[PDB]
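Written below as structure tokens is the structure these notes are about.
Cβ atoms come from the backbone with ideal geometry, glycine included; neighbour counts cover every protein chain shown. What follows is calculated from the coordinates using simple rules that are stated; it is not laboratory data.
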Amino acid sequence: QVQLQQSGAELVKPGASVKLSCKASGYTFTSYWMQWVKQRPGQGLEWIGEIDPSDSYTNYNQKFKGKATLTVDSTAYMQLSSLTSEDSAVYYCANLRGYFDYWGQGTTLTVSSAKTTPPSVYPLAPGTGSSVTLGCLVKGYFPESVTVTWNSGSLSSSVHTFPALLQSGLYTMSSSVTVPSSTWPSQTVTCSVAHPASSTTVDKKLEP
Amino acid sequence: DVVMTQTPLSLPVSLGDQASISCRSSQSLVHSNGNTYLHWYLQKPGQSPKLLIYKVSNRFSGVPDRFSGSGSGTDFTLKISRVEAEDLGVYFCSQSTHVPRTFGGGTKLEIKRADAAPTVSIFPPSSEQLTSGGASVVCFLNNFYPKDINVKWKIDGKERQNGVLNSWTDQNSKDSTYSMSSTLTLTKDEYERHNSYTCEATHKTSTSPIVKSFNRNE
Ligand SMILES: Nc1nc2c(ncn2[C@@H]2O[C@H](COP(=O)(O)OP(=O)(O)O)[C@@H](O)[C@H]2O)c(=O)[nH]1
Ligand SMILES: [Zn+2]
């Protein structure tokens, strides 16, 4: 299986630089050129450039001539420079050639002077019915994102993950799960919250 | 830079039906080598784009025949013979005939399904949050359709407009419904000065508002 492994998140101060990586597995790294694409919330994607692993020969889109530089070897790298709030986006490495089309997971790039802040996790348990909806409020963290799983992600059929909103310059989000009413509280459900940016993993057990 | 233009921007369509997404380019996409490098991708929320069709009409590995592509020169169409609930996402057309490579703006596929009432759930502040002097009261309005819904928070019968945060999920690929969470945040002090907290929702599926309250005496 061909696999392009990327980072995940990056917080950087304005005016700073940064260098993303892309490990190429599952194929002969040297056979295809490596591409880089940028994507900001407003879905539109923008092509940055490409590099030929065999000779490390390069090709760039003009708009990024003065922003990015690529290098290789089975890893490919792209470096950005003089970051600004507009540079905040998801960056992707990918082999884009006809039917050999493989994208990496994208590295989220957050350019901010803000302090990395860990999330506070509060359990939401009801104050009647065939089903009971429980929840977890993940308040006050930075930067994005967070990953809420239930019963370590073994309870995944009725989950709702609500997108994070900015509240006082800090993010807030919630997650919910619905289970048969006869199973809680007899059985316990727990939400696991992961905030890698602050190397955090908290578990919250839901009790009446 | 060749500008790719997609139409429409969003496409509501029922399961079972047929759907077509169009894409126009500023210049002809026929290469001097005879080929036309126009492609189609699908990006599901929180994921990277995935290739469906390359070079106008060829399907990528594992892509089913409900997906066909057609077009010529500057005009191109992507067709879905009969829409599934998993097709929802954004579709982009892209070109690699001309350098630099360019993508379209996307077209969001929206599934039209039957009206559904939201099941509301209300949660009081946790002891653990009160302990820190903060108090967020939460309301989940799960699994409803259409996305259009209104929520009003009321404290002892008085409406509160300030301090409410509202969040909606993308359409659920499982049953094509939407969910929303509305959070009203207060100080531990203000929370303690009142009795009943009400979450009121107004949706087309109900004449009277769907209500959920809790009084501090649980
Ligand atoms: N402009 C452009 N040329 C391509 C692309 N991919 C391959 N080619 C080239 O166009 C020619 C034909 O290759 P290709 O289109 O891949 O396959 P073929 O048409 O079936 O032979 C060669 O010059 C390839 O290097 C692409 O996306 N855009
Ligand atoms: Zn009062």
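Values for this structure:
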quantity	calculated
Cα extents of chain A along the three principal axes, largest first (Å)	66, 39, 27
Cα-based equivalent ellipsoid of segment B:1-89: semi-axis lengths in Å, sorted from largest, via gyration tensor	23, 14, 13
Reach of A:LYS23 by Cα under 16 Å, taken over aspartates and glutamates that are not fewer than 8 positions away in the same chain	A:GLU50, A:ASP52, A:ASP73, A:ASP101
Convex hull volume per residue for segment A:23-66, taking Cα atoms only, in Å³	99 Å³
20 Å Cα cut-off, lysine pairs counted over segment B:114-216 (separation 8 or more, or different chains)	10
Set of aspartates and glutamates with alpha-carbon distance to A:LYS205 below 15 Å, sequence-local pairs under 8 removed	B:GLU128
Label-point separation, A:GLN5 to A:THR30 (7 Å along Cα→Cβ), nm	2.2 nm
Rg to Rh, two decimals, where the protein assembly as shown supplies the alpha carbon set and Rh follows Kirkwood	1.01
Whole-angstrom gap from segment A:61-87 to segment B:82-132, using each part's C-alpha centre	29 Å
Two-decimal log10 I(q)/I(0) for segment A:107-163, as the Debye equation yields it once each C-alpha is a single scatterer, q = 0.22, 0.29 Å⁻¹	-1.03, -1.34
Directionally averaged projected area (convex hull, Cα atoms, chain B), nm²	16.1 nm²
Average projected area [Cα convex hull, segment A:1-113], square nanometres	6.7 nm²
Translational diffusion of segment A:116-208, µm² s⁻¹ [Kirkwood Rh, Cα pairs; Stokes-Einstein; 20 °C; 1.002 mPa s]	159 µm²/s
Cα radius of gyration and Dmax for segment B:114-216 (Å)	14.3, 44
3J(HN,Hα) from dihedral phi, segment B:179-185, Karplus parametrisation 6.51/-1.76/1.60, rounded to Hz, x for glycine, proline	9, 8, 10, 10, 10, 9, 9
Projected label distance in nm at A:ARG40 and A:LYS19, using a 7 Å step from Cα toward the beta-carbon	2.6 nm
